[PDB]
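# First portion of the complex, with coordinates as positioned in the assembly:
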Amino acid sequence: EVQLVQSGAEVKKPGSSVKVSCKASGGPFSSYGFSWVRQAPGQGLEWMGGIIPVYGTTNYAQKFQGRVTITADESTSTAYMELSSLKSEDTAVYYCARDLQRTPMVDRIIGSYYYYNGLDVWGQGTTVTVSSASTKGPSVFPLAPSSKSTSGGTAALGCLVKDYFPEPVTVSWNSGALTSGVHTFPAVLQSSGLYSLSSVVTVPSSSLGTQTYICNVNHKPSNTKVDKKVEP
């Protein structure tokens, strides 16, 4: 079968542009229509444009006319989508998807010609985050456990990862040793444009004051690595 391989994730400031590649790692490429569909988080699918490489023709949705450009490379079997004048509303997952049937033979080719039977082969998607915030390392604060070592049952402790950008961050406990009861929550996007999340472990109360608990926060975009010891 056919596989569509897309480029990695992208982060852009507003007003800039982004170009996503779509490598058709299979047979079809030449006589097949390729479409570019984006999907905002928690929203519906939106088609931006399509291209037929053999005919050198493109068709763009009226919403993206003027700032979208879809090109093809017949040699390497690769498709491209370039979106300029990026706005924060363009933050979405961008997919490239081939059509299901070979294009029909068109003797009189319209420059905007395109066909659509159905997109059966899709790529893995490319996340494009359009913000205006700058890269910032997070401040890591402990979340001290409420209960004591004699209160019985289980206790909860964690770490607060505040005011960082961009995603993602990774939080381990005891250098990857403590993996049970760990619940790292999805980050929140504040009005300032920075993210904030928390990760917590549900530990036996009798282990408080006996087992050392350390959270390992790693934010690669800012080269920030913080080891914070959480104590009662």
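That came in fine, so what should we check first? Numbers count the residues shown, from 1 in each chain, chains lettered A, B, ... in the order given.
# Can you give me the neighbour number for residue A:50?
Counted by other CB atoms under 10 Å, the residues lying close to residue A:50 total 25. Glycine gets a C-beta too; all of them are placed from N, C-alpha and C.
# looking at this, residue A:47 is in a strand?
Yes. Secondary structure assignment (DSSP: H, G, I helix; E, B strand; the rest coil) places residue A:47 inside a strand.
# Now do the same contact list for it.
Residue A:47 makes contact with A:35-37, A:61, according to CB atoms under 8 Å, 6 or more residues apart in numbering.
# Could you give me the buried positions within the helix or strand residue A:200 falls within?
Here residue A:200, judged by DSSP states H and E, is contained in strand A:195-204. Applying a neighbour-count criterion of 16 or more other CB atoms under 10 Å, one finds A:195-201, A:203 buried in strand A:195-204.
# The residues you listed into JSON lines, with extra columns for distance to residue A:112?
Output for these, formatted as JSON lines (distance: CB to CB, whole Å):
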{"residue": "A:195", "distance to residue A:112": "41"}
{"residue": "A:196", "distance to residue A:112": "46"}
{"residue": "A:197", "distance to residue A:112": "46"}
{"residue": "A:198", "distance to residue A:112": "51"}
{"residue": "A:199", "distance to residue A:112": "51"}
{"residue": "A:200", "distance to residue A:112": "55"}
{"residue": "A:201", "distance to residue A:112": "57"}
{"residue": "A:203", "distance to residue A:112": "63"}
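# Residue A:169: which of these is nearest?
The nearest member of the buried residues of strand A:195-204 to residue A:169, counting by CB to CB, is residue A:197 at 7.0 Å.
# Please name the spatially closest residue to that closest one (chain neighbours excluded).
The shortest distance from residue A:197 to any residue that is not its chain neighbour, by CB to CB, 6 or more residues apart in numbering, is 3.8 Å, and that residue is residue A:187.
# Put this one in as chain B:
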Amino acid sequence: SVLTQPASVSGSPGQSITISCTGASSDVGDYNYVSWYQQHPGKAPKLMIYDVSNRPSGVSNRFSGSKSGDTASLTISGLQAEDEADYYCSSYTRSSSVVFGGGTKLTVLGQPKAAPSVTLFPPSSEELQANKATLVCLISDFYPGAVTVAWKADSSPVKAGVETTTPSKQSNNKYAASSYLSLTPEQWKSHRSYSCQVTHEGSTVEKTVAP
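Below, chain B sits with the chains from the block before:
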């Protein structure tokens, strides 16, 4: 041209269900390039129906499509738990060259309820030394993923500085969410206590911290 789709449909296992695209059928002598897609979270859409009554190889015969007038319909027979996903319809017109519908979230009912396990943390001493304060309220293991959070300080509701995430499915088919309350160190120790109330399906669980 816009294709309208029900925002949500719900059925039980064994039940049959019909979603309905109610957009493009236009342009009388032109043909109907109508198609349907299924999309699970974090994965690419999957072509289930095209060409409106046709179905590609490998797709279960429980899915079928039809169209009457300006309304197309996707019928799913013998609902299974794996069918719970998002569904979209599409259509090619001369005017607009494809239009993906708004989408329909299909829910497979019958699953048991689950009250949320809530943990609330006071601000650290290390954070207060930096002249900042943040309350961490963590919501875990509730079913389904619909919940709302209200913060209070000594029975008085507070709106300023509340940042709440959207629910997300865990690895155990239950959902999780977190809420953050930002405060100055004066507002934290001047008040008597702070509470995070998590109301889920009318049942409210509460936790309280104090300096």
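# ok chain B is in now, so what about the neighbour count of residue A:50?
Applying the criterion other CB atoms under 10 Å in any protein chain shown, we find 28 residues in the vicinity of residue A:50.
# cool, and residue A:40?
Counted with other CB under 10 Å, the burial measure for residue A:40 works out to 13 neighbours.
# The closest residue to it other than its chain neighbours bridge partners, please.
Of all residues beyond its chain neighbours, the one nearest residue A:40 is residue A:92 (4.4 Å), with distances taken as CB to CB, 6 or more residues apart in numbering or on different chains. Beta bridges link residue A:92 to residue A:128, judged by DSSP bridges.
# what do you get for residue B:153?
residue B:156.
# Now do the same contact list for it.
Residues in contact with residue B:153 (CB atoms under 8 Å, 6 or more residues apart in numbering or on different chains) are B:187, B:191-195.
# Among those, which one has the most neighbours?
Across the contacts of residue B:153, neighbour numbers were computed from other CB under 10 Å; residue B:194 holds the maximum, 25 neighbours.
# Now residue A:229: phi and psi?
Here is the backbone geometry of residue A:229 (degrees, to the nearest 10): phi -90, psi 130.
# What is the burial count for the nearest residue to it once chain neighbours are set aside?
Using CB to CB, 6+ apart and skipping residues adjacent in sequence, the residue nearest residue A:229 is residue A:214, 5.2 Å away. Residue neighbour count, defined by other CB under 10 Å, stands at 16 for residue A:214.
# distance of residue A:214 from residue A:118?
For residue A:214, the distance to residue A:118 equals 52 Å [CB to CB, to the nearest Å].
# And the chain, what are its domain boundaries?
Going with chain A. Domain ranges of chain A: A:3-130, A:139-230, per curated CATH domains.
# Actually, chain B is the one I wanted.
If you go by curated CATH domains, chain B breaks into B:8-108, B:117-209.
# I'd like to check which residues are in contact with residue B:92.
Applying CB under 8 Å, 6+ apart as the definition, the contact partners of residue B:92 turn out to be A:115-116, B:33, B:98.
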